[PDB]
Peer 1: 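Submitted below is the structure of interest, expressed as structure tokens.
Residue indices begin at 1 and follow the sequence shown. Hydrogens, waters and symmetry mates play no part in the numbers below; they use all other heavy atoms, side chains included.
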Amino acid sequence: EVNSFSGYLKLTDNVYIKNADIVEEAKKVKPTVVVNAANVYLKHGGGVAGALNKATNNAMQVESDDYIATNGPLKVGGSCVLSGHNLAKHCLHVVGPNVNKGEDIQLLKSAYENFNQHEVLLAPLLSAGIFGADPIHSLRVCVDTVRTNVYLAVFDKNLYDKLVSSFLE
Ligand SMILES: CC(C)[C@H](Nc1ncnc2[nH]c(-c3ccc(=O)n(C)c3)cc12)c1ccc2c(c1)S(=O)(=O)CCC2
């Protein structure tokens, strides 16, 4: 079965959300596209990006270093398409702003705009966690910006509940 997402809550006609680890979702679903919460040099050192790279047994990092050698770094708000390895057909590496490191929150709209080049995606909540954006704001930007079908995996039941309550106000 293709893109067999289960147990998601439909928020809008094109945005779905689940309390789940994106790595476990990718292994089960093998979506056409999994989004990585990347940085501009594609160094997958921790958090979501480190977890996805480890699930590929470091194949993602070697491919990412060869992409950077030939093409140079991404811009904040930008993206590139590389292999999905064992997790998906493709990985869309998207750079959201890191507000904790002084980057502009307005670039979160540009970051989500990359999703619109793909019909269906499994994705994390961009710029949340240690990137420092307000996660309720990130969900609002996602809902207002993405027009293709996005399945958001948020690996924290406390945050999941706060996000759904906020959306349903
Ligand atoms: C808000 C968080 C609950 C959310 N975390 C996550 N959301 C979805 N799937 C996840 N898997 C793991 C994980 C982490 C270690 C690990 O060994 N495994 C297996 C799995 C984390 C995780 C999240 C959303 C976006 C971003 C971050 C964190 S960050 O990595 O702090 C900075 C980049 C932006």
Peer 1: Which heavy atom in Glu25 sits nearest to a heavy atom in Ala153, and how many Å separate them?
Peer 2: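 Answer, listing the atom of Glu25 first, then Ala153: CG-CB, 4.2 Å.
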Peer 1: Is it true that a side-chain atom of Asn98 and a backbone atom of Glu103 form a donor plus acceptor pair closer than 3.5 Å?
Peer 2: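 Side chain of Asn98 to backbone of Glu103, a donor-acceptor pair under 3.5 Å: no, none is there.
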Peer 1: Looking at every heavy atom in both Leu87 and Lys27, which two are closest together, and how far apart are they?
Peer 2: CD2-CG, 3.8 Å
Peer 1: Got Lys54 and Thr56 here, is their nearest side-chain heavy-atom distance under 4.5 Å?
Peer 2: no
Peer 1: Decide yes or no for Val146 and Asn14: does some side-chain heavy atom of the first lie under 4.5 Å from some side-chain heavy atom of the second?
Peer 2: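 The answer is yes; the side chains approach within 4.5 Å.
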Peer 1: Can you sort out the partners of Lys162 under salt bridge (charged side-chain N to carboxylate O under 4.0 Å, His left out), two or more places apart, ordered by chain and number?
Peer 2: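 Expected list: none.
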Peer 1: Mind checking whether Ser6 and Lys18 have side chains closer than 4.5 Å, heavy atoms only?
Peer 2: yes
Peer 1: Who pairs with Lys30 by salt bridge (charged side-chain N to carboxylate O under 4.0 Å, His left out), at least two apart in sequence or on another chain?
Peer 2: none
Peer 1: Can you list every pair that meets ring-ring contact (aromatic ring centres under 6.0 Å, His included) and has a residue in residues 52-87, with sequence neighbours left out?
Peer 2: none
Peer 1: Can you hop from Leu139 to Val94 via hydrophobic side chains spaced under 4.5 Å?
Peer 2: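 Yes; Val94 is reachable from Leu139 via cluster members.
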Peer 1: For the residue pair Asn53 and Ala59, what are the closest heavy atoms and their distance?
Peer 2: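 Smallest interatomic distance, heavy atoms only, reads OD1-N, 4.2 Å.
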Peer 1: State plainly whether one hydrophobic cluster holds both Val154 and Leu11, where clusters connect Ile, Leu, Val, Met, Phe, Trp and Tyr through side-chain heavy atoms under 4.5 angstrom apart.
Peer 2: yes
Peer 1: Using modelled atom types only, decide if a donor and an acceptor are shared between the side chain of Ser83 and the backbone of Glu63 within a distance under 3.5 Å.
Peer 2: no
Peer 1: Is there a path of hydrophobic side-chain contacts, each under 4.5 Å between heavy atoms of I/L/V/M/F/W/Y residues, joining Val141 to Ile17?
Peer 2: yes
Peer 1: With the 4.5 Å side-chain cut-off for hydrophobic clustering, are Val143 and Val164 part of the same group?
Peer 2: yes
Peer 1: Sorted by first residue and then second, give each ring-ring contact (aromatic ring centres under 6.0 Å, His included) pair with at least one member in residues 124-163; sequence neighbours left out.
Peer 2: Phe5-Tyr151, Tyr8-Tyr151, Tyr16-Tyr151
Peer 1: To the nearest 0.5 Å, what is the distance between CG (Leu168) and CG (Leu163)?
Peer 2: 10.5 Å
Peer 1: If we only count heavy atoms from C-beta on, is the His93 to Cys80 side-chain gap below 4.5 Å?
Peer 2: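 In contact.
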Peer 1: Are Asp156 and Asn19 close enough that a side-chain donor and a side-chain acceptor fall under 3.5 Å?
Peer 2: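 Their side chains do not contain a donor-acceptor pair, so the 3.5 Å distance test is not met.
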Peer 1: I'd like to check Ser138 versus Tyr112 (side-chain heavy atoms, cut-off strictly below 4.5 Å). Are they in contact?
Peer 2: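 Yes. Closest side-chain heavy atoms under 4.5 Å.
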Peer 1: What's the verdict on side chain to side chain contact (heavy atoms under 4.5 Å, CB included) for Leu82 and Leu42, showing C-alpha distance, side-chain angles and the deciding distance?
Peer 2: CA-CA 11 Å; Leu82 293 176; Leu42 303 184; 4.1 Å; yes
Peer 1: Just do the side chain to side chain contact (heavy atoms under 4.5 Å, CB included) check on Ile136 and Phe167 with the steps written out, would you?
Peer 2: CA-CA 8 Å; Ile136 290 174; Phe167 175 88; over 6 Å; no
Peer 1: Would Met60 and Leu92 show up in the same hydrophobic cluster when neighbours are defined by side-chain heavy atoms closer than 4.5 Å?
Peer 2: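 Unlinked, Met60 and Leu92 end up in two clusters.
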Peer 1: Between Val15 and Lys10, is any pair of side-chain heavy atoms under 4.5 Å apart?
Peer 2: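 In short, these two side chains do not touch, never coming nearer than 4.5 Å.
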Peer 1: Taking the side chain from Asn3 and the backbone from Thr32, do they hold a donor-acceptor pair closer than 3.5 Å?
Peer 2: yes
Peer 1: Do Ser64 and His44 have a side chain donor and acceptor closer than 3.5 Å?
Peer 2: yes
Peer 1: Tell me whether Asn71 at atom CG has more than 12 heavy atoms from other residues, nucleotides or ligands lying less than 6.0 Å away.
Peer 2: yes
Peer 1: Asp66: which residues meet the salt bridge (charged side-chain N to carboxylate O under 4.0 Å, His left out) condition with it, sequence neighbours left out?
Peer 2: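 By the salt bridge (charged side-chain N to carboxylate O under 4.0 Å, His left out) rule, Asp66 matches no residue at all.
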Peer 1: Applying salt bridge (charged side-chain N to carboxylate O under 4.0 Å, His left out) to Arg140 and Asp144, what does each step give before you reach the verdict?
Peer 2: CA-CA 6 Å; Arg140 291 207 191 109; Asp144 289 344; over 6 Å; no
Peer 1: Looking only at heavy atoms, what is the nearest atom pair of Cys142 and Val150, with distance?
Peer 2: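 Minimum heavy-atom separation between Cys142 and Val150: SG-CG1, 4.2 Å.
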Peer 1: Could you list the donor-acceptor pairs under 3.5 angstrom formed by side chains in residues 116-129, with sequence neighbours left out?
Peer 2:
from, atom 1, to, atom 2, distance (Å)
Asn116, OD1, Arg147, N, 2.7
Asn116, ND2, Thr145, O, 3.0
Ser127, OG, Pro97, O, 2.7

Peer 1: Working to the nearest 0.5 Å, report the span between CG of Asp104 and NZ of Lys109.
Peer 2: 13.5 Å
Peer 1: What closest approach, in Å, do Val35 and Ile22 show between heavy atoms, and which atom pair accounts for it?
Peer 2: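 Of all heavy-atom pairs spanning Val35 and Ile22, the closest is O-CD1, 3.7 Å.
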Peer 1: Would you name the heavy atoms of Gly96 and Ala111 that are closest together and state the gap between them?
Peer 2: CA-CB, 3.9 Å
Peer 1: Taking the side chain as every heavy atom from C-beta outward, state whether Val40 and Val76 have any atom pair closer than 4.5 Å.
Peer 2: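 Of all side-chain heavy-atom pairs linking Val76 with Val40, at least one is under 4.5 Å.
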Peer 1: Is the backbone of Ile130 close enough, under 3.5 Å, to the side chain of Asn100 for a donor and an acceptor to pair up by distance?
Peer 2: yes
